[PDB]
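First up is the structure itself, then whatever we jot down about it.
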Amino acid sequence: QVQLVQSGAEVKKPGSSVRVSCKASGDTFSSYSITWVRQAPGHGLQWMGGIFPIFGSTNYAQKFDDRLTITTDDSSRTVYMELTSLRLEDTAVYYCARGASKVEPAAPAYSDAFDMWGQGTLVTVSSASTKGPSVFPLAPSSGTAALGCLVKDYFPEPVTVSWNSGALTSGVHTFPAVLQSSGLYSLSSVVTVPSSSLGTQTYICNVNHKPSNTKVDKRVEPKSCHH
Amino acid sequence: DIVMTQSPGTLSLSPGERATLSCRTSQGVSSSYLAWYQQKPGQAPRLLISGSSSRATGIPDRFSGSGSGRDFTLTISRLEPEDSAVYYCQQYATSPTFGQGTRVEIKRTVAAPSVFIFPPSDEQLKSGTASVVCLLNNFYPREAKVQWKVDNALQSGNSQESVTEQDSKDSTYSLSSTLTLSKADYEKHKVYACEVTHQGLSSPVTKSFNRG
Amino acid sequence: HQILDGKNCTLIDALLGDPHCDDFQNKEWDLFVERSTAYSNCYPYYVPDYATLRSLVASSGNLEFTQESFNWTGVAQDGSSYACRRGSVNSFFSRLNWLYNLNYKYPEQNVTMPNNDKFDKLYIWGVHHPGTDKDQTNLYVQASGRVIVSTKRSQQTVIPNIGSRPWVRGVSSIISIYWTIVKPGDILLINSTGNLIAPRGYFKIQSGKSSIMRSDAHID
Amino acid sequence: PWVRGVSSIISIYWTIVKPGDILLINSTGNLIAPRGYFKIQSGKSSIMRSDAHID
Ligand SMILES: *[C@@H]1O[C@H](CO)[C@@H](O[C@@H]2O[C@H](CO)[C@@H](O[C@H]3O[C@H](CO[C@H]4O[C@H](CO)[C@@H](O)[C@H](O)[C@@H]4O)[C@@H](O)[C@H](O[C@H]4O[C@H](CO)[C@@H](O)[C@H](O)[C@@H]4O[C@H]4O[C@H](CO)[C@@H](O)[C@H](O)[C@@H]4O)[C@@H]3O)[C@H](O)[C@H]2NC(C)=O)[C@H](O)[C@H]1NC(C)=O
Ligand SMILES: *[C@@H]1O[C@H](CO)[C@@H](O[C@@H]2O[C@H](CO)[C@@H](O[C@H]3O[C@H](CO[C@H]4O[C@H](CO)[C@@H](O)[C@H](O)[C@@H]4O)[C@@H](O)[C@H](O[C@H]4O[C@H](CO)[C@@H](O)[C@H](O)[C@@H]4O[C@H]4O[C@H](CO)[C@@H](O)[C@H](O)[C@@H]4O)[C@@H]3O)[C@H](O)[C@H]2NC(C)=O)[C@H](O)[C@H]1NC(C)=O
Ligand SMILES: *[C@@H]1O[C@H](CO)[C@@H](O[C@@H]2O[C@H](CO)[C@@H](O[C@@H]3O[C@H](CO[C@H]4O[C@H](CO)[C@@H](O)[C@H](O)[C@@H]4O)[C@@H](O)[C@H](O[C@H]4O[C@H](CO)[C@@H](O)[C@H](O)[C@@H]4O)[C@@H]3O)[C@H](O)[C@H]2NC(C)=O)[C@H](O)[C@H]1NC(C)=O
Ligand SMILES: *[C@@H]1O[C@H](CO)[C@@H](O[C@@H]2O[C@H](CO)[C@@H](O[C@@H]3O[C@H](CO)[C@@H](O)[C@H](O[C@H]4O[C@H](CO)[C@@H](O)[C@H](O)[C@@H]4O)[C@@H]3O)[C@H](O)[C@H]2NC(C)=O)[C@H](O)[C@H]1NC(C)=O
Ligand SMILES: *[C@@H]1O[C@H](CO)[C@@H](O[C@@H]2O[C@H](CO)[C@@H](O[C@@H]3O[C@H](CO)[C@@H](O)[C@H](O[C@H]4O[C@H](CO)[C@@H](O)[C@H](O)[C@@H]4O)[C@@H]3O)[C@H](O)[C@H]2NC(C)=O)[C@H](O)[C@H]1NC(C)=O
Ligand SMILES: *[C@@H]1O[C@H](CO)[C@@H](O)[C@H](O)[C@H]1NC(C)=O
Ligand SMILES: [Zn+2]
């Protein structure tokens, strides 16, 4: 047990470098191995190098060799992935992982099944500039009514969307982002609520874009007076 | 370089049924160095099987692993709506390699989309853009048609959309369609409609708003 | 042409699995470069036919190593040594398996490994020769016995010879290194009464634009 | 390795005995003995690997 904890999503330009952490348990760090695996479209899963923090010993994949460095910090139980000289095809989600078997001193299994995994870290590589989102409320209409908010014109992925802090979570559907023709992203989030509750409940859209450090709250309510 | 080829690409079965997934390797792989993973949309891979048939801690006994040499198998004895995910095989006899994945869909009684439509906010319109949203909510199957009409005129080349992945509890899908016009173009018209065609609909459904 | 800098490892240390060569596992090259600065830091060994082995690996072009499930019934595995420490931890050649006493017991071994692939398998293994007779019986109950590694083309018998060797990092003993190629349809068969440094699997062995060179030139 | 009923094997060795020399065999067992000798010389003689039809 550990629940591996990685760094947040990054944006780098081509030719730049990342450092992606992984924070482990005392057991995980000193008696298991840590692996990096990345994922993208067309690259179902790519094993990158691995490390035995207990020995400081490494094995890397040739694909990323003399670029990928795997280091550790024994005082924090963290393993770092430094992929340098970034290329556009390095855009991917980088996961850390733990070797399923325990360390064998005579034959350190750098190749193993992967027991526990980190949450994954999206590294976006592009020369395009970073942009914070604009949020526009999607006000409801006429037993059960749906309402939402629209996140529009930002770069890059990802963006965190929640409702009433963490309070409103059932009935919520947040959509997969679509790349707009502009080169910026657009993402909507909708929630199914009782139409009666619209008169007593405050419904707030919480948007957080850590690539630009933009956090936005939007109250969602309707209108109707006109005839 | 050991290549992992999974079969089928997509598998669609109803709850209670048995799912069989296959993995073909380019080299003979010892059955003591092969693993299976589950990955639910957005999650990290969960180790299901290690050592070809050894079940990982916290995995249900409906998950069975088999195989030898180049022919390996994952069996899911009793499907639940929660089992909607992508499955992967891995060999660890040499430096770890993984398959292309098998997408497992859980079947559901045909469900019609609950259709909603949203106008652009005044706040948005002040920027020069007028995006119009249509929601198809909680339906099955994923196949659905969305048509945008502006003063009863079919638009095209402006309408983007995306769909959520199958819900792990109720097995339904949802769809977000966005008609992006300019403020100026929005203001040339007054009737905005979203037409939905679907398996759970005996006839097509149209939602709309007016102004302007 | 794809250059692989051997750095502080020799091609044979990289092959066998010397702890400071873990970075070379499963690597490839058009040209492997051996540096004069290279060293060894593991159990004392001798490769009769060293030059031949180095040559055939160099022209194969890679150290792709595939593990295999050998059935070592009743024998303790994964032995290690002070002469091959990784840090302060006793280690060993990462592609070799040191078999020894299990609960004060050592059975004769008889294991096969059939080649049912489309390519040739290269099995690297060895034989341990103790410094004293006490060392023999402590590690392998039974006294000096034989190692027989046979195929349908080859035959390799080794008799362990106990005696005091040159002191290398804590040890006055030594391991003899041997290699075997198993063709498709052929079968690796190992009969051993003890002193076997077992194979953990095989190297995929081929032949091509692959070689090795000795140089201290900076790769740029 | 099992070959046609047998899980055993014979190692083959050769010896040349010069004129005035003597073949001497001491064996305590396991000897696959010679029945005599081949007359060995050297000349326009060789060997080739081929599946070509001799015509
Ligand atoms: C057959 O014939 C040969 C030659 O006569 C003989 O070989 C000799 O073997 C012995 C033991 O096998 C070996 O003993 C010492 O080996 C270490 C090297 O000593 C060398 O030191 C220098 C290199 O640093 C070198 O220049 C010198 O010239 C010298 O040769 C030496 O460190 C060892 O000492 C440690 O180990 C013993 C236990 O074995 C302890 O009692 C010691 O206190 C010491 O331990 C301390 O240090 C270690 C770390 O070093 C530490 O972990 C430990 O806790 C403690 O603090 C050995 O005394 C000879 O070197 C070797 N000679 C040669 C020439 O090779 C065979 O033994 C003969 N066979 C038989 C059966 O007799
Ligand atoms: C050390 O380790 C090795 C490997 O584990 C082991 O080698 C094994 O040795 C045994 C005996 O020495 C041998 O046994 C059978 O050999 C024959 C081949 O079996 C193969 O058959 C297929 C080829 O046709 C092949 O594809 C298969 O994969 C299989 O491997 C097999 O025919 C023999 O069976 C006959 O002989 C026995 C008596 O020895 C009878 O009991 C049988 O009934 C059968 O006799 C019948 O047929 C014959 C004609 O065929 C007829 O004359 C007779 O009257 C009767 O009708 C053997 O069962 C294994 O094949 C061999 N394995 C390998 C991989 O090489 C060593 O034995 C181990 N050492 C020790 C001491 O255990
Ligand atoms: C291939 O093999 C070569 C030769 O063995 C290695 O080169 C040595 O590597 C070691 C380990 O990294 C170096 O050790 C460091 O030495 C520094 C200087 O101390 C001595 O260095 C040399 C070698 O003993 C002496 O000649 C000299 O007089 C000094 O007395 C120290 O400053 C270092 O201390 C700290 O370094 C880092 C932190 O920065 C950590 O490891 C520790 O915290 C440590 O306390 C360290 O002791 C040694 O200097 C290298 N040799 C030379 C000549 O520089 C290669 O590393 C090895 N691998 C390759 C080339 O990839
Ligand atoms: C090659 O592989 C085969 C695989 O089976 C292996 O065969 C085994 O050989 C041993 C050695 O002969 C057999 O073990 C014997 O079995 C009984 C009881 O265990 C006894 O006859 C023997 O005990 C002797 O020990 C005393 C102590 O010195 C002797 O003084 C006395 O004479 C006793 O007889 C011995 O333990 C074993 O049964 C077979 N295995 C099978 C399945 O038959 C063979 O040894 C391998 N070759 C090697 C290791 O060189
Ligand atoms: C090389 O060729 C020579 C040709 O003569 C051959 O010499 C023979 O050696 C054997 C073995 O030493 C001699 O046989 C001995 O003779 C007597 C009685 O026969 C005994 O000393 C021996 O019996 C032993 O057997 C017991 C059972 O284990 C032992 O425990 C005990 O110690 C007994 O002593 C043995 O039978 C034989 O006499 C000579 N021949 C002549 C003409 O002198 C030699 O053996 C060949 N080398 C080989 C085969 O390696
Ligand atoms: C283990 O050894 C036994 C005895 O030789 C054999 O029957 C069995 O198949 C082996 N297990 C393997 C090869 O997985
Ligand atoms: Zn009114």
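Chain lettering (A, B, ...) mirrors the order of the structure tokens, residue numbering begins at 1 for each chain separately, and ligand numbering begins at 1 in order of display.
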**Message:** What does the list of residues within 10 Å of ligand 7 look like if you count only C-alpha atoms and all ligand atoms, written as a ChimeraX atom specification?
**Reply:** /A:224-227
**Request:** Step by step, measure atom-to-atom distances between ligand 4 and each residue using only C-alpha atoms and all ligand atoms, keep those at most 10 Å, then write them as a ChimeraX atom specification.
**Result:** /C:106-111,142-143,145-148,190-194
What does the file look like for those residues with N, CA, C and O atoms, as a PDB file, in the first residue's frame?
ATOM      1  N   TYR C 106      20.492 -31.066  -1.010  1.00  0.00           N
ATOM      2  CA  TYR C 106      20.770 -30.737  -2.404  1.00  0.00           C
ATOM      3  C   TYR C 106      20.477 -32.059  -3.136  1.00  0.00           C
ATOM      4  O   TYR C 106      21.134 -33.063  -2.867  1.00  0.00           O
ATOM      5  N   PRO C 107      19.481 -32.064  -4.034  1.00  0.00           N
ATOM      6  CA  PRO C 107      19.043 -33.144  -4.926  1.00  0.00           C
ATOM      7  C   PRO C 107      19.741 -32.971  -6.271  1.00  0.00           C
ATOM      8  O   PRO C 107      20.008 -31.842  -6.687  1.00  0.00           O
ATOM      9  N   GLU C 108      19.949 -34.068  -7.005  1.00  0.00           N
ATOM     10  CA  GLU C 108      20.412 -33.890  -8.371  1.00  0.00           C
ATOM     11  C   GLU C 108      19.299 -33.195  -9.158  1.00  0.00           C
ATOM     12  O   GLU C 108      18.112 -33.470  -8.942  1.00  0.00           O
ATOM     13  N   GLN C 109      19.683 -32.322 -10.082  1.00  0.00           N
ATOM     14  CA  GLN C 109      18.746 -31.636 -10.946  1.00  0.00           C
ATOM     15  C   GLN C 109      18.747 -32.234 -12.346  1.00  0.00           C
ATOM     16  O   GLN C 109      19.785 -32.629 -12.865  1.00  0.00           O
ATOM     17  N   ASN C 110      17.587 -32.257 -12.978  1.00  0.00           N
ATOM     18  CA  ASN C 110      17.461 -32.711 -14.355  1.00  0.00           C
ATOM     19  C   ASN C 110      16.334 -31.911 -14.974  1.00  0.00           C
ATOM     20  O   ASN C 110      15.159 -32.172 -14.709  1.00  0.00           O
ATOM     21  N   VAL C 111      16.706 -30.891 -15.747  1.00  0.00           N
ATOM     22  CA  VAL C 111      15.750 -29.953 -16.320  1.00  0.00           C
ATOM     23  C   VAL C 111      15.934 -29.782 -17.823  1.00  0.00           C
ATOM     24  O   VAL C 111      17.063 -29.727 -18.302  1.00  0.00           O
ATOM     25  N   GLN C 142      26.498 -32.359  -1.229  1.00  0.00           N
ATOM     26  CA  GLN C 142      27.152 -33.477  -1.884  1.00  0.00           C
ATOM     27  C   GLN C 142      28.569 -33.014  -2.244  1.00  0.00           C
ATOM     28  O   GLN C 142      28.798 -31.831  -2.500  1.00  0.00           O
ATOM     29  N   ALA C 143      29.509 -33.950  -2.298  1.00  0.00           N
ATOM     30  CA  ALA C 143      30.881 -33.634  -2.690  1.00  0.00           C
ATOM     31  C   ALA C 143      30.947 -33.307  -4.190  1.00  0.00           C
ATOM     32  O   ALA C 143      29.951 -33.449  -4.908  1.00  0.00           O
ATOM     33  N   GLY C 145      30.750 -32.995  -7.804  1.00  0.00           N
ATOM     34  CA  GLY C 145      29.990 -33.858  -8.697  1.00  0.00           C
ATOM     35  C   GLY C 145      30.043 -33.142 -10.048  1.00  0.00           C
ATOM     36  O   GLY C 145      30.779 -32.170 -10.214  1.00  0.00           O
ATOM     37  N   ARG C 146      29.292 -33.660 -11.023  1.00  0.00           N
ATOM     38  CA  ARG C 146      29.280 -33.108 -12.380  1.00  0.00           C
ATOM     39  C   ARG C 146      28.151 -32.226 -12.922  1.00  0.00           C
ATOM     40  O   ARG C 146      27.002 -32.305 -12.485  1.00  0.00           O
ATOM     41  N   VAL C 147      28.489 -31.421 -13.926  1.00  0.00           N
ATOM     42  CA  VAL C 147      27.497 -30.638 -14.642  1.00  0.00           C
ATOM     43  C   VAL C 147      27.460 -31.070 -16.108  1.00  0.00           C
ATOM     44  O   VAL C 147      28.473 -31.011 -16.807  1.00  0.00           O
ATOM     45  N   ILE C 148      26.302 -31.532 -16.570  1.00  0.00           N
ATOM     46  CA  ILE C 148      26.186 -31.992 -17.942  1.00  0.00           C
ATOM     47  C   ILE C 148      25.107 -31.239 -18.720  1.00  0.00           C
ATOM     48  O   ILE C 148      23.908 -31.382 -18.470  1.00  0.00           O
ATOM     49  N   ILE C 190      19.679 -30.047 -18.973  1.00  0.00           N
ATOM     50  CA  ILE C 190      20.690 -29.918 -17.940  1.00  0.00           C
ATOM     51  C   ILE C 190      20.548 -30.931 -16.823  1.00  0.00           C
ATOM     52  O   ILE C 190      19.595 -30.875 -16.051  1.00  0.00           O
ATOM     53  N   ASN C 191      21.550 -31.754 -16.811  1.00  0.00           N
ATOM     54  CA  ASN C 191      21.717 -32.654 -15.679  1.00  0.00           C
ATOM     55  C   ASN C 191      22.873 -32.107 -14.866  1.00  0.00           C
ATOM     56  O   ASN C 191      23.983 -31.974 -15.372  1.00  0.00           O
ATOM     57  N   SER C 192      22.499 -31.896 -13.442  1.00  0.00           N
ATOM     58  CA  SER C 192      23.531 -31.369 -12.568  1.00  0.00           C
ATOM     59  C   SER C 192      23.415 -31.939 -11.197  1.00  0.00           C
ATOM     60  O   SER C 192      22.351 -31.959 -10.591  1.00  0.00           O
ATOM     61  N   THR C 193      24.537 -32.374 -10.677  1.00  0.00           N
ATOM     62  CA  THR C 193      24.558 -32.927  -9.348  1.00  0.00           C
ATOM     63  C   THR C 193      24.956 -31.878  -8.317  1.00  0.00           C
ATOM     64  O   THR C 193      25.145 -32.206  -7.145  1.00  0.00           O
ATOM     65  N   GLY C 194      25.148 -30.631  -8.764  1.00  0.00           N
ATOM     66  CA  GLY C 194      25.630 -29.571  -7.888  1.00  0.00           C
ATOM     67  C   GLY C 194      26.716 -28.733  -8.551  1.00  0.00           C
ATOM     68  O   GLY C 194      27.280 -29.126  -9.571  1.00  0.00           O
TER      69      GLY C 194
END
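Once residue A:162 and its same-chain neighbours fewer than 6 positions away are set aside, residues 205, 206 and 207 of chain A remain within 7 Å of it when counting only C-alpha atoms.
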**Prompt:** Could you name the residues that touch stretch 38-46 of chain C at 10 Å or less, counting only C-alpha atoms, but leaving out those on the same chain fewer than 4 positions away, as a PyMOL selection string?
**Reply:** chain C and resi 6-14+16-21+34+50+80-86+90-93+126-129+165-178
**Request:** With a distance threshold of 7 Å and counting only C-alpha atoms, extract the residues of chain C near chain B and express them as JSON, numbers by chain.
**Result:** {"C": [65, 66, 67, 68, 69, 117]}
Within 6 Å of residue A:25, counting only C-alpha atoms, which residues qualify if same-chain residues fewer than 3 places away don't, as an mmCIF file with N, CA and C atoms, in the first residue's frame?
data_model
loop_
_atom_site.group_PDB
_atom_site.id
_atom_site.type_symbol
_atom_site.label_atom_id
_atom_site.label_comp_id
_atom_site.auth_asym_id
_atom_site.auth_seq_id
_atom_site.Cartn_x
_atom_site.Cartn_y
_atom_site.Cartn_z
ATOM 1 N N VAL A 2 0.373 2.260 -0.734
ATOM 2 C CA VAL A 2 1.019 3.558 -0.815
ATOM 3 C C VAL A 2 0.198 4.666 -1.445
ATOM 4 N N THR A 28 7.471 0.934 -0.111
ATOM 5 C CA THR A 28 7.521 1.034 -1.565
ATOM 6 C C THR A 28 8.852 1.519 -2.057
ATOM 7 N N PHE A 29 9.373 2.519 -1.388
ATOM 8 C CA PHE A 29 10.617 3.139 -1.765
ATOM 9 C C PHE A 29 11.853 2.261 -1.448
#
**Which of C:28, C:23, C:49, C:133 sits closest to ligand 1 [using only C-alpha atoms and all ligand atoms]** =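 Ranking C:28, C:23, C:49, C:133 by distance to ligand 1, first place goes to C:133.
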Any chance you could tabulate, as a tab-separated table, the residues of chain D at most 10 Å from chain C with each one's nearest atom pair and distance in Å to one decimal, using only C-alpha atoms, in chain and rising number order?
residue	atom	partner	partner_atom	distance
D:1	CA	C:151	CA	6.5
D:2	CA	C:152	CA	8.8
D:3	CA	C:152	CA	8.5
D:9	CA	C:155	CA	9.2
D:11	CA	C:155	CA	8.9
Write a file of the just-selected residues containing N, CA and C atoms, as a JSON list (two decimals), in the first residue's frame.
[["chain", "number", "residue", "atom", "x", "y", "z"],
["D", 1, "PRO", "N", 19.72, -36.32, -24.14],
["D", 1, "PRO", "CA", 18.59, -36.17, -25.02],
["D", 1, "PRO", "C", 18.19, -37.50, -25.59],
["D", 2, "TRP", "N", 16.88, -37.74, -25.63],
["D", 2, "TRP", "CA", 16.32, -38.96, -26.15],
["D", 2, "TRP", "C", 16.47, -39.08, -27.63],
["D", 3, "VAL", "N", 17.24, -40.06, -28.04],
["D", 3, "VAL", "CA", 17.41, -40.39, -29.42],
["D", 3, "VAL", "C", 17.11, -41.84, -29.63],
["D", 9, "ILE", "N", 24.87, -41.35, -24.71],
["D", 9, "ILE", "CA", 25.59, -40.87, -25.90],
["D", 9, "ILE", "C", 27.03, -41.37, -26.00],
["D", 11, "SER", "N", 30.91, -40.42, -27.40],
["D", 11, "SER", "CA", 31.88, -39.41, -27.82],
["D", 11, "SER", "C", 32.84, -40.01, -28.82]]
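Residue-level contacts from chain A to chain B at 7 Å, counting only C-alpha atoms, read residues 44, 45, 47, 111, 112, 113, 114, 115, 117, 118, 119, 120, 136, 137, 138, 139, 175, 176 and 178 of chain A.
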**Request:** Go through C:51, C:33, C:57, C:99 one by one, measure the shortest atom-to-atom distance of each to chain A using only C-alpha atoms, and give the residue with the smallest value.
**Result:**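 That would be C:99, the residue with the smallest distance to chain A.
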**Message:** Using only C-alpha atoms, which protein or nucleic acid residues come within 12 Å of residue D:18? Drop anything in the same chain fewer than 2 positions from it, and give the result as a list in words.
**Reply:** residues 15, 16, 20, 21, 22, 23, 37, 39, 40 and 41 of chain D
Generate the output file for the selected residues, C-alpha atoms, as a PDB file, in the first residue's frame.
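Generated file (part30.pdb):
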ATOM      1  CA  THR D  15      43.977 -41.121 -33.702  1.00  0.00           C
ATOM      2  CA  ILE D  16      46.736 -41.237 -36.309  1.00  0.00           C
ATOM      3  CA  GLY D  20      57.075 -47.177 -36.240  1.00  0.00           C
ATOM      4  CA  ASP D  21      54.570 -45.798 -33.797  1.00  0.00           C
ATOM      5  CA  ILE D  22      52.211 -47.985 -31.775  1.00  0.00           C
ATOM      6  CA  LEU D  23      48.538 -47.617 -30.854  1.00  0.00           C
ATOM      7  CA  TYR D  37      42.156 -48.620 -39.333  1.00  0.00           C
ATOM      8  CA  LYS D  39      44.413 -45.866 -44.593  1.00  0.00           C
ATOM      9  CA  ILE D  40      44.951 -42.110 -44.409  1.00  0.00           C
ATOM     10  CA  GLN D  41      46.642 -40.030 -47.046  1.00  0.00           C
TER      11      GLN D  41
END
**Request:** Take atom CA of residue B:14 and atom CA of residue B:71 and report the distance between them in Å, one decimal.
**Result:**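 Separation between atom CA of residue B:14 and atom CA of residue B:71: 25.7 Å.
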**Request:** Kindly work out which residues sit at most 12 Å from ligand 5, using only C-alpha atoms and all ligand atoms, and give the list as a VMD selection string.
**Result:** chain D and resid 24 to 31
The selected residues should be written to file as a PDB file, in the first residue's frame (atoms: N, CA and C atoms).
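File part.pdb, as written:
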ATOM      1  N   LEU D  24      48.266 -47.670 -28.425  1.00  0.00           N
ATOM      2  CA  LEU D  24      48.157 -48.377 -27.152  1.00  0.00           C
ATOM      3  C   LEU D  24      46.936 -47.941 -26.355  1.00  0.00           C
ATOM      4  N   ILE D  25      46.110 -48.989 -26.098  1.00  0.00           N
ATOM      5  CA  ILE D  25      44.866 -48.676 -25.420  1.00  0.00           C
ATOM      6  C   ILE D  25      44.732 -49.334 -24.062  1.00  0.00           C
ATOM      7  N   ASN D  26      44.733 -48.449 -23.114  1.00  0.00           N
ATOM      8  CA  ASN D  26      44.384 -48.857 -21.761  1.00  0.00           C
ATOM      9  C   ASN D  26      42.990 -48.325 -21.501  1.00  0.00           C
ATOM     10  N   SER D  27      42.059 -49.398 -21.059  1.00  0.00           N
ATOM     11  CA  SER D  27      40.691 -49.002 -20.783  1.00  0.00           C
ATOM     12  C   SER D  27      40.120 -49.791 -19.657  1.00  0.00           C
ATOM     13  N   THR D  28      39.497 -49.088 -18.743  1.00  0.00           N
ATOM     14  CA  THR D  28      38.884 -49.740 -17.615  1.00  0.00           C
ATOM     15  C   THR D  28      37.400 -49.990 -17.858  1.00  0.00           C
ATOM     16  N   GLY D  29      36.917 -49.651 -19.059  1.00  0.00           N
ATOM     17  CA  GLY D  29      35.496 -49.749 -19.368  1.00  0.00           C
ATOM     18  C   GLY D  29      34.987 -48.516 -20.105  1.00  0.00           C
ATOM     19  N   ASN D  30      33.791 -48.646 -20.692  1.00  0.00           N
ATOM     20  CA  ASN D  30      33.111 -47.620 -21.498  1.00  0.00           C
ATOM     21  C   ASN D  30      33.779 -47.376 -22.868  1.00  0.00           C
ATOM     22  N   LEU D  31      34.660 -48.281 -23.269  1.00  0.00           N
ATOM     23  CA  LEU D  31      35.350 -48.149 -24.538  1.00  0.00           C
ATOM     24  C   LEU D  31      34.558 -48.670 -25.716  1.00  0.00           C
TER      25      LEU D  31
END
**Residues near residue A:191, cut-off 9 Å, only C-alpha atoms, skip fewer than 3 positions along chain, as a VMD selection string** = chain A and resid 145 to 148 163 168 to 174
**Request:** May I have all residues of stretch 4-213 of chain C that DSSP, computed from the backbone, assigns to strand (DSSP E or B), given as an MDAnalysis selection string?
**Result:** chainID C and resid 4:5 28 31:34 45:46 62 65:67 76 81:85 90:91 96:98 100 109:114 120:129 147:150 155:158 168 171 174:182 187:192 196:199 201:205 211:213
**Request:** Quick one: pull the distance between atom 13 (C, counted along the ligand's line) of ligand 6 and atom CA of residue C:201, Å, one decimal.
**Result:** 13.4 Å
**Item:** Those in stretch 68-219 of chain C with helix (DSSP H, G or I) from DSSP, as a list in words
**Value:**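 After running DSSP on the backbone, stretch 68-219 of chain C has helix (DSSP H, G or I) at residues 133, 134, 135, 136, 137, 138 and 139 of chain C.
Note that the spacing between atom CA of residue A:34 and atom CA of residue A:10 amounts to 20.9 Å.
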